[PDB]
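Participant: Next up, run.csv (CSV, C-alpha atoms).
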```csv
chain,number,residue,atom,x,y,z
A,82,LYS,CA,30.2,-88.7,80.7
A,83,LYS,CA,32.6,-87.5,83.3
A,84,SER,CA,34.8,-84.4,83.6
A,85,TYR,CA,38.1,-83.9,81.9
A,86,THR,CA,41.4,-83.9,83.7
A,87,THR,CA,44.4,-81.6,83.4
A,88,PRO,CA,46.4,-82.3,80.2
A,89,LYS,CA,50.1,-82.2,79.5
A,90,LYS,CA,50.6,-80.3,76.2
A,91,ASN,CA,47.2,-79.0,74.9
A,92,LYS,CA,47.7,-76.1,72.4
A,93,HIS,CA,45.2,-75.2,69.7
A,94,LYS,CA,46.7,-73.9,66.5
A,95,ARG,CA,49.6,-72.1,64.8
A,96,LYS,CA,49.5,-68.3,64.5
A,97,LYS,CA,49.7,-67.6,60.8
A,98,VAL,CA,53.2,-66.2,60.6
A,99,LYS,CA,52.9,-62.5,59.7
A,100,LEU,CA,55.1,-61.9,56.8
A,101,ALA,CA,55.2,-58.5,55.0
A,102,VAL,CA,52.5,-58.2,52.4
A,103,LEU,CA,54.0,-58.1,48.9
A,104,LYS,CA,57.7,-57.7,47.8
A,105,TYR,CA,57.8,-60.1,44.9
A,106,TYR,CA,59.1,-57.6,42.3
A,107,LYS,CA,62.2,-55.3,42.0
A,108,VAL,CA,62.9,-52.5,39.5
A,109,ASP,CA,66.2,-52.0,37.6
A,110,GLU,CA,64.4,-48.8,36.4
A,111,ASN,CA,60.8,-47.4,36.6
A,112,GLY,CA,59.0,-49.5,33.9
A,113,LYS,CA,61.8,-52.2,33.8
A,114,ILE,CA,60.7,-54.9,36.2
A,115,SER,CA,62.6,-57.9,37.5
A,116,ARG,CA,61.0,-61.0,39.2
A,117,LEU,CA,62.9,-62.9,41.9
A,118,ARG,CA,60.7,-66.1,41.9
A,119,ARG,CA,59.3,-67.6,38.7
A,120,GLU,CA,55.6,-67.6,37.8
A,121,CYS,CA,54.2,-71.1,37.7
A,122,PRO,CA,53.5,-72.6,34.2
A,123,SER,CA,50.1,-74.0,35.2
A,124,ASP,CA,46.8,-74.0,33.2
A,125,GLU,CA,44.4,-73.8,36.1
A,126,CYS,CA,46.6,-71.0,37.4
A,127,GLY,CA,46.2,-67.7,35.7
A,128,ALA,CA,49.9,-67.1,35.2
A,129,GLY,CA,49.9,-64.3,37.7
A,130,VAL,CA,50.6,-66.3,40.9
A,131,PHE,CA,54.1,-66.9,42.2
A,132,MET,CA,56.1,-69.8,43.5
A,133,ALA,CA,58.0,-70.3,46.8
A,134,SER,CA,61.7,-69.6,46.7
A,135,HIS,CA,62.4,-72.8,48.5
A,136,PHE,CA,65.8,-73.8,47.3
A,137,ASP,CA,65.9,-77.6,47.1
A,138,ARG,CA,62.1,-77.1,46.4
A,139,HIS,CA,59.7,-75.0,44.3
A,140,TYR,CA,56.2,-74.9,45.7
A,141,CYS,CA,53.1,-73.4,44.2
A,142,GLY,CA,50.5,-72.7,46.9
A,143,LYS,CA,47.6,-73.0,44.4
A,144,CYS,CA,48.1,-76.5,43.3
A,145,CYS,CA,48.2,-77.7,46.9
A,146,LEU,CA,48.7,-81.4,46.0
A,147,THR,CA,51.1,-81.5,43.1
A,148,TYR,CA,53.5,-79.5,40.8
A,149,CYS,CA,56.6,-79.2,43.0
A,150,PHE,CA,60.1,-78.8,41.4
A,151,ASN,CA,62.9,-80.3,43.3
A,152,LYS,CA,65.8,-78.0,42.4
B,9,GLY,CA,26.8,-39.3,36.6
B,10,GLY,CA,29.0,-36.4,37.8
B,11,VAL,CA,30.5,-33.2,36.1
B,12,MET,CA,33.6,-35.0,34.8
B,13,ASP,CA,36.1,-34.1,37.4
B,14,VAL,CA,39.4,-35.9,38.2
B,15,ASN,CA,37.5,-37.1,41.3
B,16,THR,CA,33.8,-37.4,40.5
B,17,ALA,CA,35.0,-39.8,37.6
B,18,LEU,CA,35.8,-42.4,40.2
B,19,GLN,CA,32.7,-41.5,42.2
B,20,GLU,CA,30.6,-42.6,39.2
B,21,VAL,CA,33.0,-45.5,38.2
B,22,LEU,CA,32.9,-47.0,41.7
B,23,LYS,CA,29.3,-47.5,43.1
B,24,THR,CA,29.0,-49.2,39.7
B,25,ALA,CA,32.0,-51.5,38.9
B,26,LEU,CA,31.4,-53.3,42.2
B,27,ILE,CA,28.4,-55.0,40.5
B,28,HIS,CA,30.8,-55.8,37.7
B,29,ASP,CA,33.0,-57.2,40.5
B,30,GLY,CA,35.8,-55.1,39.0
B,31,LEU,CA,37.2,-53.4,42.1
B,32,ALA,CA,40.2,-55.5,43.0
B,33,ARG,CA,40.8,-53.6,46.2
B,34,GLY,CA,44.0,-53.7,48.2
B,35,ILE,CA,47.5,-53.8,46.7
B,36,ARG,CA,47.8,-57.5,46.3
B,37,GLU,CA,44.6,-58.2,44.4
B,38,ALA,CA,45.5,-55.1,42.3
B,39,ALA,CA,48.9,-56.5,41.5
B,40,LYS,CA,47.4,-60.0,40.7
B,41,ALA,CA,44.9,-58.3,38.4
B,42,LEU,CA,47.2,-56.0,36.4
B,43,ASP,CA,49.9,-58.6,36.1
B,44,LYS,CA,47.4,-60.2,33.7
B,45,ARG,CA,45.6,-58.5,30.8
B,46,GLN,CA,42.6,-57.3,32.8
B,47,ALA,CA,43.5,-53.9,34.2
B,48,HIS,CA,41.7,-50.8,32.8
B,49,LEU,CA,42.3,-48.2,35.6
B,50,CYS,CA,44.5,-47.6,38.6
B,51,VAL,CA,44.6,-45.3,41.6
B,52,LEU,CA,47.1,-44.3,44.3
B,53,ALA,CA,47.3,-42.1,47.4
B,54,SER,CA,49.8,-40.8,50.0
B,55,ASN,CA,52.5,-43.2,51.3
B,56,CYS,CA,51.2,-44.6,54.5
B,57,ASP,CA,53.3,-47.7,53.9
B,58,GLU,CA,56.8,-48.5,52.7
B,59,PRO,CA,57.9,-46.1,50.0
B,60,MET,CA,58.8,-49.0,47.6
B,61,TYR,CA,55.2,-49.7,46.3
B,62,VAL,CA,54.7,-46.3,44.6
B,63,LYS,CA,57.7,-47.4,42.5
B,64,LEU,CA,56.2,-50.8,41.7
B,65,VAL,CA,52.6,-49.8,40.8
B,66,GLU,CA,53.9,-47.0,38.4
B,67,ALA,CA,56.5,-49.5,37.0
B,68,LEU,CA,53.9,-52.3,36.4
B,69,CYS,CA,51.2,-50.1,34.8
B,70,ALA,CA,54.0,-48.6,32.6
B,71,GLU,CA,55.1,-52.0,31.5
B,72,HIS,CA,51.8,-52.9,29.7
B,73,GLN,CA,49.1,-50.3,29.8
B,74,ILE,CA,49.6,-47.3,32.1
B,75,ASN,CA,46.4,-45.7,33.3
B,76,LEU,CA,47.4,-44.4,36.8
B,77,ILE,CA,45.1,-41.6,38.0
B,78,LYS,CA,46.8,-40.4,41.2
B,79,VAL,CA,44.2,-39.1,43.6
B,80,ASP,CA,45.6,-38.5,47.1
B,81,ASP,CA,43.9,-39.1,50.5
B,82,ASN,CA,43.7,-42.9,50.7
B,83,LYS,CA,40.8,-42.6,53.1
B,84,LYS,CA,38.8,-40.8,50.4
B,85,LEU,CA,38.8,-43.7,47.9
B,86,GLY,CA,38.5,-46.0,51.0
B,87,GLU,CA,35.2,-44.3,51.9
B,88,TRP,CA,34.2,-44.7,48.2
B,89,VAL,CA,34.3,-48.6,48.5
B,90,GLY,CA,34.3,-49.3,52.3
B,91,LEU,CA,33.9,-53.0,52.9
B,92,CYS,CA,30.9,-53.1,50.6
B,93,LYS,CA,27.6,-51.0,50.3
B,94,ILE,CA,27.0,-48.6,53.4
B,95,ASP,CA,26.0,-48.3,57.0
B,96,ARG,CA,26.9,-44.6,57.7
B,97,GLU,CA,29.5,-42.2,56.5
B,98,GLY,CA,30.0,-41.4,60.2
B,99,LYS,CA,30.9,-45.2,60.5
B,100,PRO,CA,33.5,-45.9,63.3
B,101,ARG,CA,32.9,-49.8,62.7
B,102,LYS,CA,35.0,-50.3,59.5
B,103,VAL,CA,36.3,-47.2,57.6
B,104,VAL,CA,39.8,-47.7,56.1
B,105,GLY,CA,41.3,-46.9,52.8
B,106,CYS,CA,42.3,-48.8,49.7
B,107,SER,CA,45.4,-47.0,48.4
B,108,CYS,CA,45.0,-48.7,45.0
B,109,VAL,CA,42.0,-50.0,43.0
B,110,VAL,CA,42.0,-51.7,39.6
B,111,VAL,CA,38.8,-51.8,37.4
B,112,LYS,CA,38.3,-54.5,34.8
B,113,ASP,CA,37.4,-53.5,31.2
B,114,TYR,CA,35.8,-50.3,32.6
B,115,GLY,CA,33.0,-52.2,34.3
B,116,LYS,CA,29.3,-53.1,33.4
B,117,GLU,CA,27.9,-51.8,30.1
B,118,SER,CA,27.5,-48.0,30.5
B,119,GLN,CA,27.1,-44.5,29.0
B,120,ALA,CA,28.5,-41.3,30.6
B,121,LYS,CA,30.8,-43.4,32.8
B,122,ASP,CA,33.1,-43.9,29.7
B,123,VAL,CA,33.6,-40.1,29.3
B,124,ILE,CA,36.4,-40.2,31.9
B,125,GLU,CA,38.6,-41.7,29.2
B,126,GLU,CA,37.1,-39.6,26.4
B,127,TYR,CA,38.5,-36.7,28.5
B,128,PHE,CA,41.8,-38.0,29.9
B,129,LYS,CA,43.3,-39.9,26.9
B,130,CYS,CA,44.4,-36.7,25.2
B,131,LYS,CA,45.3,-34.3,28.0
B,132,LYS,CA,47.9,-36.7,29.4
```
Produce structure tokens that represent the structure in this file.

Facilitator:
Amino acid sequence: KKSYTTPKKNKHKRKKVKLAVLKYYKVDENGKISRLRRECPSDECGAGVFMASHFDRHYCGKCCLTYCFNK
Amino acid sequence: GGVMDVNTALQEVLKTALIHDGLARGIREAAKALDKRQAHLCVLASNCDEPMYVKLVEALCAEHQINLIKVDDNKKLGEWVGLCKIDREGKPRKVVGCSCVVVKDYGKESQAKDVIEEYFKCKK
């Protein structure tokens, strides 16, 4: 039960990198949508959530412990 | 509720579909909702953001079931939902807009609230 001494590195947490909100769709024409990244074929997922464009990887943020495609 | 305006229609639809948990506020919850088969109404406003989303919302509702009812002044429909419930209307704490709202299956079971669509199916 004695006081703490000056550290060497201490730093708390990352800063939640501030990406733009939503640019996952592009139009060829109004009412003719295109999708850059594929929607994940998952049952628990409602088929409306997207995947990371992580070339050499495909990562679904919902299933945070499985379902990653390696190409 | 109201006198079947293009504006009082939302004023009776909101204050009601929040208890249905329908109001997928923001643009991202809205997109996630209407990308599925749930959407039954959409809204917009002026372009206080990038001009590329007014393309996208119109395009997505057009793809499956267009119901866009464009009512300007984002802050208006913002005041119509807030965060939730009320403190004041003169509320400097948290009053910001929504710029898009998507209702699910036109909300809780209801009477005159349906008449919005009984009106605006044919005139459009």

Participant: Could you give me, as a tab-separated table, every segment 36-126 of chain B residue with an atom at most 8 Å from segment 21-24 of chain B, plus its closest atom pair and distance in Å to one decimal, counting all atoms listed in the file, rows ordered by chain then number?

Facilitator:
```
residue	atom	partner	partner_atom	distance
B:88	CA	B:22	CA	7.0
B:89	CA	B:22	CA	7.1
B:114	CA	B:21	CA	7.9
B:115	CA	B:24	CA	7.4
B:116	CA	B:24	CA	7.4
B:121	CA	B:21	CA	6.2
```

Participant: Write out as an mmCIF file with C-alpha atoms, keeping the file's coordinate frame every residue belonging to chain A that has an atom at most 6 Å from any atom of chain B, counting all atoms listed in the file.

Facilitator:
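Contents of result27.cif, freshly written:
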```cif
data_model
loop_
_atom_site.group_PDB
_atom_site.id
_atom_site.type_symbol
_atom_site.label_atom_id
_atom_site.label_comp_id
_atom_site.auth_asym_id
_atom_site.auth_seq_id
_atom_site.Cartn_x
_atom_site.Cartn_y
_atom_site.Cartn_z
ATOM 1 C CA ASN A 111 60.800 -47.400 36.600
ATOM 2 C CA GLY A 112 59.000 -49.500 33.900
ATOM 3 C CA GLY A 129 49.900 -64.300 37.700
#
```

Participant: Excluding same-chain residues fewer than 2 positions from segment 97-106 of chain A, what lies within 7 Å of it counting only C-alpha atoms, as an MDAnalysis selection string?

Facilitator: (chainID A and resid 95 108 114:117) or (chainID B and resid 36)

Participant: For a quick check of your reading of the model, name the residues lying within 12 Å of the coordinate (51.0, -68.5, 34.9), counting only C-alpha atoms, and write them as a PDB file with C-alpha atoms, in the coordinates of the input.

Facilitator:
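What ended up in selection27.pdb:
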```
ATOM      1  CA  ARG A 119      59.300 -67.600  38.700  1.00  0.00           C
ATOM      2  CA  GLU A 120      55.600 -67.600  37.800  1.00  0.00           C
ATOM      3  CA  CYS A 121      54.200 -71.100  37.700  1.00  0.00           C
ATOM      4  CA  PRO A 122      53.500 -72.600  34.200  1.00  0.00           C
ATOM      5  CA  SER A 123      50.100 -74.000  35.200  1.00  0.00           C
ATOM      6  CA  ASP A 124      46.800 -74.000  33.200  1.00  0.00           C
ATOM      7  CA  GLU A 125      44.400 -73.800  36.100  1.00  0.00           C
ATOM      8  CA  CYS A 126      46.600 -71.000  37.400  1.00  0.00           C
ATOM      9  CA  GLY A 127      46.200 -67.700  35.700  1.00  0.00           C
ATOM     10  CA  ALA A 128      49.900 -67.100  35.200  1.00  0.00           C
ATOM     11  CA  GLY A 129      49.900 -64.300  37.700  1.00  0.00           C
ATOM     12  CA  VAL A 130      50.600 -66.300  40.900  1.00  0.00           C
ATOM     13  CA  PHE A 131      54.100 -66.900  42.200  1.00  0.00           C
ATOM     14  CA  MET A 132      56.100 -69.800  43.500  1.00  0.00           C
ATOM     15  CA  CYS A 141      53.100 -73.400  44.200  1.00  0.00           C
ATOM     16  CA  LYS A 143      47.600 -73.000  44.400  1.00  0.00           C
ATOM     17  CA  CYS A 144      48.100 -76.500  43.300  1.00  0.00           C
TER      18      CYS A 144
ATOM     19  CA  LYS B  40      47.400 -60.000  40.700  1.00  0.00           C
ATOM     20  CA  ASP B  43      49.900 -58.600  36.100  1.00  0.00           C
ATOM     21  CA  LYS B  44      47.400 -60.200  33.700  1.00  0.00           C
TER      22      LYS B  44
END
```

Participant: Write out as a list in words the residues lying within 9 Å of residue 50 of chain B, counting only C-alpha atoms and excluding same-chain residues fewer than 5 positions away.

Facilitator: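 Using only C-alpha atoms, the neighbours found are residues 38, 65, 69, 74, 75, 76, 77, 78, 108, 109, 110 and 111 of chain B.
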
Participant: Generate N, CA, C and O atoms for segment 46-62 of chain B and emit them as a short mmCIF file (atom, residue, chain, number, x, y, z; two decimals), in the frame of the given file.

Facilitator:
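The resulting rebuild.cif:
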```cif
data_model
loop_
_atom_site.label_atom_id
_atom_site.label_comp_id
_atom_site.auth_asym_id
_atom_site.auth_seq_id
_atom_site.Cartn_x
_atom_site.Cartn_y
_atom_site.Cartn_z
N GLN B 46 43.93 -57.65 32.40
CA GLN B 46 42.60 -57.30 32.80
C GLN B 46 42.47 -55.78 33.12
O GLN B 46 41.40 -55.18 32.93
N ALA B 47 43.55 -55.19 33.61
CA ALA B 47 43.50 -53.90 34.20
C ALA B 47 43.01 -52.82 33.19
O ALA B 47 43.42 -52.83 32.02
N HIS B 48 42.15 -51.89 33.64
CA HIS B 48 41.70 -50.80 32.80
C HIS B 48 41.73 -49.44 33.55
O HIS B 48 41.30 -48.44 32.98
N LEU B 49 42.19 -49.40 34.80
CA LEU B 49 42.30 -48.20 35.60
C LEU B 49 43.05 -48.47 36.86
O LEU B 49 42.92 -49.57 37.40
N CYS B 50 43.83 -47.50 37.33
CA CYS B 50 44.50 -47.60 38.60
C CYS B 50 44.45 -46.32 39.36
O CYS B 50 44.21 -45.26 38.79
N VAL B 51 44.64 -46.43 40.68
CA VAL B 51 44.60 -45.30 41.60
C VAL B 51 45.79 -45.43 42.55
O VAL B 51 46.41 -46.48 42.65
N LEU B 52 46.08 -44.34 43.27
CA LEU B 52 47.10 -44.30 44.30
C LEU B 52 46.66 -43.34 45.40
O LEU B 52 45.51 -42.89 45.42
N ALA B 53 47.59 -43.00 46.29
CA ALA B 53 47.30 -42.10 47.40
C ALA B 53 48.69 -41.73 48.03
O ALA B 53 49.75 -42.04 47.48
N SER B 54 48.64 -41.09 49.20
CA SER B 54 49.80 -40.80 50.00
C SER B 54 50.51 -42.10 50.43
O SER B 54 49.93 -43.19 50.30
N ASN B 55 51.72 -41.99 50.97
CA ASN B 55 52.50 -43.20 51.30
C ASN B 55 52.40 -43.45 52.79
O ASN B 55 53.25 -43.05 53.59
N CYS B 56 51.34 -44.16 53.17
CA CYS B 56 51.20 -44.60 54.50
C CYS B 56 51.80 -46.00 54.75
O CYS B 56 51.55 -46.64 55.78
N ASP B 57 52.64 -46.45 53.83
CA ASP B 57 53.30 -47.70 53.90
C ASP B 57 54.75 -47.55 53.46
O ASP B 57 55.25 -46.42 53.41
N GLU B 58 55.43 -48.64 53.16
CA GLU B 58 56.80 -48.50 52.70
C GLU B 58 56.86 -47.75 51.38
O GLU B 58 55.98 -47.92 50.52
N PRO B 59 57.87 -46.90 51.19
CA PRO B 59 57.90 -46.10 50.00
C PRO B 59 58.29 -46.85 48.70
O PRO B 59 58.52 -46.22 47.67
N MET B 60 58.34 -48.18 48.75
CA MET B 60 58.80 -49.00 47.60
C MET B 60 57.60 -49.45 46.73
O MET B 60 57.85 -50.04 45.67
N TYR B 61 56.35 -49.23 47.15
CA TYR B 61 55.20 -49.70 46.30
C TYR B 61 54.80 -48.66 45.31
O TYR B 61 54.30 -49.02 44.24
N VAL B 62 54.98 -47.37 45.62
CA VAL B 62 54.70 -46.30 44.60
C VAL B 62 55.60 -46.40 43.44
O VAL B 62 55.25 -45.90 42.36
#
```
